[PDB]
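Here is the structure we will look at, set down as C-alpha cells.
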4 protein chains.
Amino acid sequence: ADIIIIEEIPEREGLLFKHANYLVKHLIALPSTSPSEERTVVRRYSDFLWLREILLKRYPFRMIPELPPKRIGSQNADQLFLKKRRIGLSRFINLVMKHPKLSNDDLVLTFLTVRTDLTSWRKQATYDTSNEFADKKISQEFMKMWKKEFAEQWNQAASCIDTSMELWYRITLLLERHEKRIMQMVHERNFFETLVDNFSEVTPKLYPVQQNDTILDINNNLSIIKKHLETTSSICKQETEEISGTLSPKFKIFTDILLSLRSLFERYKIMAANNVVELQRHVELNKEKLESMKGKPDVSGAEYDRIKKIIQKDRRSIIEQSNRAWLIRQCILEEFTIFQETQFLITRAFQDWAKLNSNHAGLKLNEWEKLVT
Amino acid sequence: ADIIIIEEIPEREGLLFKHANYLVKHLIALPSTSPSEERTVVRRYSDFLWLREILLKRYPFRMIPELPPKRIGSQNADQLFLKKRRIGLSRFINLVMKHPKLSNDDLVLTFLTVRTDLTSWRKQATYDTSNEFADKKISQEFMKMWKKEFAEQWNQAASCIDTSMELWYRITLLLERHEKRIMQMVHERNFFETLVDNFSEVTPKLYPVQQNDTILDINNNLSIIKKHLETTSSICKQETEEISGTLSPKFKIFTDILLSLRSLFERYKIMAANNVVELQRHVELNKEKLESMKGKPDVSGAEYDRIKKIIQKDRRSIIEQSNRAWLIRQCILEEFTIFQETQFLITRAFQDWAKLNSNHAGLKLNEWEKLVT
Amino acid sequence: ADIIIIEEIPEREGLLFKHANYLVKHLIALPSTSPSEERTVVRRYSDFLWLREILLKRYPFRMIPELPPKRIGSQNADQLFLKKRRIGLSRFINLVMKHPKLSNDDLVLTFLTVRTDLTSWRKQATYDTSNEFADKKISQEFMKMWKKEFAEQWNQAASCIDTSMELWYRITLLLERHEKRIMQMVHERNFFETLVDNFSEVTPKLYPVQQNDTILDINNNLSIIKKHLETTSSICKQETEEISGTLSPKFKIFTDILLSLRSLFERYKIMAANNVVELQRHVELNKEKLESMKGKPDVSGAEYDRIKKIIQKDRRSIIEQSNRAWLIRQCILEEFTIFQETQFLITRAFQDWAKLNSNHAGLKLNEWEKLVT
Amino acid sequence: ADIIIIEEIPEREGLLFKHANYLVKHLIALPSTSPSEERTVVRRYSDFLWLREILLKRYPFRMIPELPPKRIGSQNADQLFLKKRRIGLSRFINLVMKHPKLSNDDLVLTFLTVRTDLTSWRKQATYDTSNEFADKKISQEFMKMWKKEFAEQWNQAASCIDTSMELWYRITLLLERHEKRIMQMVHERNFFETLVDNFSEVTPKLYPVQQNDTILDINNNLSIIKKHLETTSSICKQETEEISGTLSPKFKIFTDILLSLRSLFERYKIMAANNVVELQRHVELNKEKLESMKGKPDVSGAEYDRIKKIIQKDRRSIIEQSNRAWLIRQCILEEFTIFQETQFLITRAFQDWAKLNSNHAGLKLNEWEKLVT
C-alpha cells in the first residue's frame, strides 16, 4: 500500500507552530480494507505518535520504523523541520505497511479507515484485545537453528548494525552534500551568466565597432554562451530537485530499516535479559536441588512443604520461560526475513544512484558538445 | 619567443625568505639574438623590477605588463606567493615579448643574452642612449583620425576598461572557484571510497553469508563501485591539475593586457594633462594677443621687447607641444593595435574553456555509463 | 571516590588504532575497599563495555551513565575521538561511583580492586550470584504516592526529559562554541602582533627619523602595544584551556545524568509494558470470571478442572505481578532521589559559569586599563 | 571644515540603481566663504568625480584623496556599496578640506557655494584660469636639502609606503573582523537567552514543584541570567554600532592619506621621468659639446648656424627644466608636511582604539560581577 502523506496542514501559518494535520492518501493494494479508489484521512503527528506507541505495546520483537524528530524541540519554527517531518512520516507509515504483521494488523487499518476524530476512536480504543502473544505454539522443528548458529549469528549483527548504521548515514549524507554542492554551483552559474551579459555589453564600448566588426561575431558567440549557461543551470537545478529529491528516499529507507533493527536488538537484549536471569536461576536451582538430595532425611513437614513449593513454582517457572524463550526467538527469525529483503534494497539504492548520475552526466555532455558549436 | 620561467631558486629553503633566482629559458624564435637551441639565464625578481622600471623610463605610452605582487608584503613566507610570482613572471616577460616595440628593444635582449651578474651590467648600464623619442616624424596623413573620432573613441575606453577589468576578473575568479570546488569534491569522493569499502566489509557481518550468498554478489558490485570511484576521482584530479592549470593563463593574459591598457591610459591622461594646460595657454594667449593689437602704440622698447620675448617663446612652445601631441597620439594608435589583437584573444579563451569542459564531461560520462554495467 | 582516568595507553601509536589501556586512578574515599593511598589499575575500553553491560544485566531501573562513542566507528583514527573517550570514560565511571547502589555494588569494586587480566576474572566471573531482585520486600506504607500523583509525575518527565536534553545540549554546545571563538580570536591576535611589529619597523622607513624623533616615541608606544597583545593573547589562551576545559564537565555531567534518566524511562516503559499487558489481562479475567458465575451448572469435571487451573495460575500470576509492580515503582523512586540532586547540579553549573567568565573579564579589563597607560 | 555627507538620495529606490544626490552639509570654520550657520548643497557622485578630475588637472604633486569605488561596477545594487560610498565620500571631501592648498583653492569653494545645477556651472566652468604653476619663484635657500638627503629620503618612502599600506590595511581589516565577530556573538547570545528561557520553563515539568520548591529559586536565578544576557547582548550591539562605526574612520583616514601619498609618488616618478630624460640629455649634450670644441674649424655657416640653434634651444631647455625641477621638489616638501601630520594621526588611532576597547571591557566586567549576585 504505497500511500503518500503530502499537504500536511496545521492551523494556518503565523508566528506560532501547530501540529499539522496529515492527509493519509490511501493509495491501496492491500485488501485488509478492500483496495479503494482512494480514501484520504486527516490525521496528526500526535495521531502517529499514538500509533507508534500502540504498535510498540502490541507487537514486541517486530520491525518498527523510527519516529519523526521531536515536536517539542527547542526551535522548530520554520517549514524545514516540518517538511522533513512529512517525508519521514510517509516513509514511516509506508514502511509499517510493507512489513507483514503490521500490514495484517487490525490496529493499523482502523487507524487508516476512520472518518471521525481521535476522541471517538478513544471511546472504541479497546486495545485490550490487542496485546502480548501469551499462547504456546508448536515449532515444527523445535530445534531448527535457534542457538546452534543463530545465537552468534545475530550477536554479531548486534554490533555490525551500529557500525553499518554510521556508515550508511555518512553515505547518504555525502549524497545530500553533493546535491547542495550542485545547487551552489548553479547559483554561481547564473551569476556567471549575468557577468557574461555585462561583458558582451562592455565589449563594444571597449572594442571599437565602427572600426572593427568581428567583435559583433564574438559578443554574439557570448550570447550563445549565456544561453548555454541558462540552459545548463536550469538542467542542473532540474537534476537537483527531481533526481536528488526522488533519489534520497531510495537511500533513507535502508537507514530507517537499519535503525529499526537497532531498536529491535535493543528491546530484545533488554527483555531477554529476563531469560538471562532465568537461566542464572536455572543453574542456581540445578545446584541447590542437587545439594537438596540429602534425602530430606529429618522428619520435617516444614522443610518438605517449603521446598516442595520451591520446586513446583520453579518448575512452572522453567516451563513458562522456555515457552517464552522459543516464542521470542521465533519472532527474531520473522524479522530476519525482511532484513534479508533490505539486503536487495541496498542493491536498488546503488543502481538507481549510478543510473541517475549517468542521466545527469549525459545531459550535461550533450549540452557541452552542443555548445562547442 | 614563448620563453618559460620555471624552477625559481632562492638560496635554500628555511625559515627565512629570499628573492628567488629565475631561470629565463630562452625558447626563442625572434632573431634579435639569433634563435638559440636554448640558453638559460639566471635572473632575479629584483632583476625583473629593474627591467620594468627601465622599460617604463624608456618607452612611454606603450603596452606594459603588470608586476608580480610585492616582495615586501606583510607575510610572503610559504611557496604559494612565490609560485604565483613565477607564473605571473613568465606571463609578464612573455607578454613583453609578443609586443612589437619591446621585442625590438635593445634593453630586453641584453637582459636576455647576458651571463655575468647585475653589477657588471650596471657598469655598462648606459641607458642614456635609451630614452624619450624627441625626434619629429612626419605623419603621412597628418590628419588621419586622431581627434575626429579617436578622441571620443578611447575616451569611452577609459571607463569601459575599468568596467571590463572587474568583469573579466570576476570571470576568471569563477573558473578558479570551479576548480577548487572540484578538488574538494574529489576529496570527499575518496572519503566515499573509504566508506563503501568499510561498508562492503560490514555487509557480511550484518548480512549472513553461510545462509545467503547474494550478499557476495552485491558487495562485489560495491567493489566495482569503489574501483569506479577511484578512477573517477583520479580523473577528476587530472582534470583539475592539467585542465585548469593550463586553462588559467588562457584567461589571465586577457586580464593582464587589460590592466596594461589601464596603466597606459593612466599615464596618458596624467601626461597629456600637460597638453591640457598647454591648450589652456593656447586660448589664453589667443586672447591676450588679440587684446595686444593696440598697435603697441606708445613708443616703448620695454613693452616691445618684453612682449616680443613673450610671443617668441610661446611660438616655439606651441610648435614643440604640437610636435609632442602628434608624437603621443601616434603611440596611442600603435597600442590600439595589439589591443585589437586581445580582441581575438577573448575568443581563444572562451573556446578553449568550452572545449576542455567538454573533454572532462566526456570522460566522466564514459566512466558513468561504464559503471552502470 | 573522585577517581581519574588519564594517560590512556594503547599499544604504541602508528597508522593503526588500538583500544587503549586506561589507568583507573583510585583516588578513594569510599571504604568498600578501604580508602587506599592510591592504587592504579590498568583496564581497557572493552573492559568498561563489559562493565556497563554487566551493570545493566544486574541492576535494572537504576541510574546508569552513557557509554563513550563507538570504537567500531567509520574513522576513529586521530587522538580527538580518543581524548573525548577518556574524558567521557572518567565521567562515566565517576558518575557510577556517586550513585548509591553502584557505589555499594560488589561488581564495581572487584572491577576496581584487581591486578590480573580480564581472563582470570572471567574464570571467577560468577555473576550468577549478581542478578535480578526476585525477593518480596514490604513497603512500610504500601500506598505512599506511587500512583496517586507519581504516575502522572514521571509521565510528564518522560517528555520533558527529551525536551530538556536537547536544551541543555544546545547550551553546553554554545559554551564550546564560545571557546573555539576565543581561540580563533587569540590566533588573529597574535597575527595582529606580527603586523604591529612589522608596522613599527616600517614607520621610520616611512616617517623620517633624522628629521623627526617623535616617531620613536610612537613606535615605542606600539612596542608597548605588541607586548600588551602578547600578554592579552597568552591570557586568552589560558582562559581557554584552564577555564573552559575545567568548566565543560561541570556542564556535561548534567547532560549525562539527563540521558541516563532517558535510558531509564526507556527501559521502564518497555518493561512495565509487561505490567500493561498484565493489567489488560486483569480486566479480561475480571470480565471472563464474572461471566463464569453461571454456577458452573453442568456436571463437568473437565470444565471444573480447566477453569480451576485457569483461575489458580492467574491468581499466582496477579500476586507475582503486583509484587513486581511495587518492586519496580520503589526503584523508580530510588532514582528520583539522585535526580533531585541533579537539580542542585544545574545551580552549580551556572554559578561556576558566571564566576569564571567574571575572572576572565576581570583580567582582561585590568590588561586594557594597564595598556591605556 | 568638518563637513558631513549623509542622506545620500538618488531617485527613489526600486530594482534599478541611480547615482545618489549627496547633501554636502557645510559645517564650516574656514572663512573662504565666511563660516555659515549651515548651508547644504545637493551634489552627486558624478559631481565629485568632476571635482577630483579637476583637482588633478589643476594641482599636481599635491595630496589628493582616493575616489569611492566604481559606480559602473558589475553589480552595485544593494545599499552596502552605496553606504560605503557615502562614508568614503565624506572622508574624501573632508580630507580635501584639511589639506592647505585645497582649502585655499577657488575651485573647491565654488563647488561648495553653489545652488544651481552642474550645467550652469559648466557655463562658468572656466578652469582655464586654474592650471599648472608656470611661474618661477625664488627659493630662499636654493639649496636647502632637495638632493643632499631628501632624494634618498623619499626614495625610501617610495617602497615603504606600499609596505605600510598593506600593513595598515590588514590592521583596520582586523578591527572590522573583530566587530563582525562580536556581532555574531550577540546573535548567538540572544539565541542563548531563548534557550535559557525554554529551559526555565521545562525545569518544573522535569523537576517536581509540588514536591520540591528550590527549583523555583533556581529557575528564577535563570531569569536573572536571561535578563543579564539581554542587557549584555544589548550593550554588545551598542559597542558594535557606536564604538566600531565611529572608530573605523579614525583608522581609515590613515589608509587614505597613505594611498594618497601613493598616488603622489606615482605621479611624481612618472612625470619627473621627464627630468630623468632631461638629465640624460644633460650628459649627452655635455659630451657632444665638449667634442664640439674642434674650434668649428672649417669655414661653414651651415654647421655654425645649426649647432648654434642646437646650443641655444638646449640652453633655454636646461634653464626651463631646472625651473621645473625646483618647482617640483618644493611641492614635494609641501606634501611631506601633512604627511608628518599623519604621523601623529596614527597615534590618535591607536589611543582611541585602546580607550574604546577599555570602555567596552569595563561595561562588560561590571555586567558580569553584577550578575554573579
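Numbers and lists here come from the model and the stated rules, or from a named source; no laboratory instrument gave them. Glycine gets a Cβ as well: all are built from the backbone with ideal geometry, and neighbour counts include every protein chain shown.
Scanning region C:47-66 for residues that are touching a residue at least 60 places away in the same chain (Cβ under 8 Å) and within 12 Å of chain A (Cβ to nearest Cβ) returns C:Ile54, C:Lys57, C:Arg58, C:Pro60, C:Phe61, C:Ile64. Entry remark, region C:332-344: residues being more than 9 Å from chain D (Cβ to nearest Cβ) and surrounded by 17 or more Cβ atoms within 10 Å (Cβ to Cβ) number 3 in total.
Going by the conditions given, is A:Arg12 surrounded by 16 or more Cβ atoms within 10 Å (Cβ to Cβ) and of a type in the set (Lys, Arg)?
Working: surrounded by 16 or more Cβ atoms within 10 Å (Cβ to Cβ): no; of a type in the set (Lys, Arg): yes.
When the stated conditions are applied, A:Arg12 does not pass them.
The conditions of being under 20 Å from C:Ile253 (Cα atoms), exposed (fewer than 14 other Cβ atoms within 10 Å of the Cβ) and not assigned by TED's automatic domain parsing to the domain that holds C:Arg262 are not met by C:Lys70.
For region D:111-166, filtering for residues that are at negative phi, surrounded by fewer than 17 Cβ atoms within 10 Å (Cβ to Cβ) and among the β-branched types (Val, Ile, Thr) leaves 5.
Please determine, by comparing only the residues of region B:296-317 that are more than 14 Å from every other protein chain (Cβ to nearest Cβ), of a type in the set (A, V, I, L, M, F, W, C) and part of a helix (DSSP H, G or I), which one is nearest to the chain's Cα centre (by Cα).
This residue is B:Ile311.
Going by the structure shown, is C:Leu258 within 36 Å of the chain's Cα centre (by Cα) and within 9 Å of chain D (Cβ to nearest Cβ)?
Values: within 36 Å of the chain's Cα centre (by Cα): yes; within 9 Å of chain D (Cβ to nearest Cβ): yes.
Yes: the conditions hold for C:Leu258.
Quick one: in region A:17-56, of everything that is among the aliphatic types (A, V, I, L, M) and part of a loop (DSSP other than H, G, I, E, B), which residue is nearest to A:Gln75 (Cα to Cα)? Can you show your working first?
Start the filter on region A:17-56 by keeping residues that are among the aliphatic types (A, V, I, L, M), which leaves A:20, A:23-24, A:27-30, A:41-42, A:49, A:51, A:54-56.
Okay, now just the ones that are also part of a loop (DSSP other than H, G, I, E, B), so A:20, A:27-30.
On the way: A:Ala20: 16, A:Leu27: 34, A:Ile28: 36, A:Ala29: 39, A:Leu30: 39 Å.
Taking the candidates together, the pick is A:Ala20.
Selection within region C:278-295: residues that are within 12 Å of chain A (Cβ to nearest Cβ) and in contact with a helix residue (DSSP H, G or I) (Cβ under 8 Å, 6 or more places away or on another chain). The member of this set that is nearest to C:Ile93 (Cα to Cα) is C:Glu278.
Of the residues that sit in region A:191-223 and are over 18 Å from B:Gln343 (Cα atoms) and buried (at least 17 other Cβ atoms within 10 Å of the Cβ), which one is nearest to the other protein chains (Cβ to nearest Cβ)? Taking the candidates together, the pick is A:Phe192.
Every condition in (1) more than 9 Å from chain C (Cβ to nearest Cβ); (2) out of contact with any helix residue (DSSP H, G or I) (no Cβ under 8 Å at 6 or more places or on another chain) is met by D:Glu149 except one, and the failing one is (1).
On inspection, C:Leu247 passes the criterion of being over 22 Å from D:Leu206 (Cα atoms), part of a helix (DSSP H, G or I), in the same structural domain as C:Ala361 (by TED's automatic domain parsing) and in contact (Cβ under 8 Å) with a residue 60 or more places away in the chain. Condition (residue is surrounded by fewer than 13 Cβ atoms within 10 Å (Cβ to Cβ) and either within 14 Å of chain C (Cβ to nearest Cβ) or closer than 30 Å to D:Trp154 by Cα (or both)) applied to region D:348-361: is it met by at least one residue? Within region D:348-361, none of the residues are surrounded by fewer than 13 Cβ atoms within 10 Å (Cβ to Cβ) and either within 14 Å of chain C (Cβ to nearest Cβ) or closer than 30 Å to D:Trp154 by Cα (or both). When residues in region D:195-235 are screened for being in contact (Cβ under 8 Å) with a residue 60 or more places away in the chain and of a type in the set (A, V, I, L, M, F, W, C), 3 of them pass.
For B:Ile243, are the conditions met, namely being at the interface with another protein chain (Cβ under 7 Å from one of its Cβ atoms) and aliphatic (A, V, I, L, M)? No; evaluated as a whole, the condition is false for this residue.
Pick from region B:144-154 the residues that are in a helix (DSSP H, G or I) and touching a residue at least 12 places away in the same chain (Cβ under 8 Å): which of them is farthest from the chain's Cα centre (by Cα)? This residue is B:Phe150.
Could you list all residues from region D:155-174 that are touching a residue at least 24 places away in the same chain (Cβ under 8 Å), among the hydrophobic types (A, V, I, L, M, F, W, C) and facing chain C (nearest Cβ under 9 Å)?
Filtering region D:155-174 for residues touching a residue at least 24 places away in the same chain (Cβ under 8 Å) gives D:157-158, D:161-162, D:164-165, D:168-169, D:171-172.
When the remaining residues are screened for being among the hydrophobic types (A, V, I, L, M, F, W, C), the result is D:157-158, D:161, D:165, D:168, D:171.
Once the filter is applied, which keeps residues that are touching a residue at least 24 places away in the same chain (Cβ under 8 Å), among the hydrophobic types (A, V, I, L, M, F, W, C) and facing chain C (nearest Cβ under 9 Å), region D:155-174 yields D:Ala157, D:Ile161, D:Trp168, D:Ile171.
Please indicate, with yes or no, whether at least one residue in region B:171-192 is closer than 17 Å to A:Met165 by Cα, assigned by TED's automatic domain parsing to the domain that holds B:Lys250 and not hydrophobic (A, V, I, L, M, F, W, C). No: zero hits. Only residues that are farther than 18 Å from B:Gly88 by Cα and touching a residue at least 40 places away in the same chain (Cβ under 8 Å) were counted in region B:16-40, giving 5. Would you confirm whether or not region B:74-88 contains a residue that is closer than 30 Å to B:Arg329 by Cα and either among the hydrophobic types (A, V, I, L, M, F, W, C) or not assigned by TED's automatic domain parsing to the domain that holds B:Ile6 (or both)? Taking every residue of region B:74-88 in turn, none turns out to be closer than 30 Å to B:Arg329 by Cα and either among the hydrophobic types (A, V, I, L, M, F, W, C) or not assigned by TED's automatic domain parsing to the domain that holds B:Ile6 (or both).
Across region A:362-373, what is the total count of residues that are assigned to a helix (DSSP H, G or I) and more than 8 Å from every other protein chain (Cβ to nearest Cβ)? Counting residues in region A:362-373 that are assigned to a helix (DSSP H, G or I) and more than 8 Å from every other protein chain (Cβ to nearest Cβ) gives 4.
Please find, among B:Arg329, B:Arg267, the residue that is within 14 Å of chain D (Cβ to nearest Cβ), under 34 Å from the mean Cα position of the chain (by Cα) and within 29 Å of D:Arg267 (Cβ to Cβ).
Details: B:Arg329 fails: within 14 Å of chain D (Cβ to nearest Cβ).
Going through B:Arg329, B:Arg267 in turn, the sole match is B:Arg267.
Inside region A:224-243, residues that are crowded, with 19+ Cβ neighbours inside 10 Å and of a type in the set (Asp, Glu) make up a count of 1.
Would you please name the residue that is nearest to the chain's Cα centre (by Cα), looking only at residues in region B:364-373 that are crowded, with 17+ Cβ neighbours inside 10 Å and of a type in the set (A, V, I, L, M, F, W, C)? Break it down stepwise before answering.
First, pick out the residues of region B:364-373 that are crowded, with 17+ Cβ neighbours inside 10 Å: B:364-365, B:367-368, B:371.
Of the ones still in play, those that are also of a type in the set (A, V, I, L, M, F, W, C) are B:365, B:368, B:371.
Working: B:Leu365: 36, B:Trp368: 39, B:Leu371: 43 Å.
Per the stated criteria, the residue is B:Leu365.
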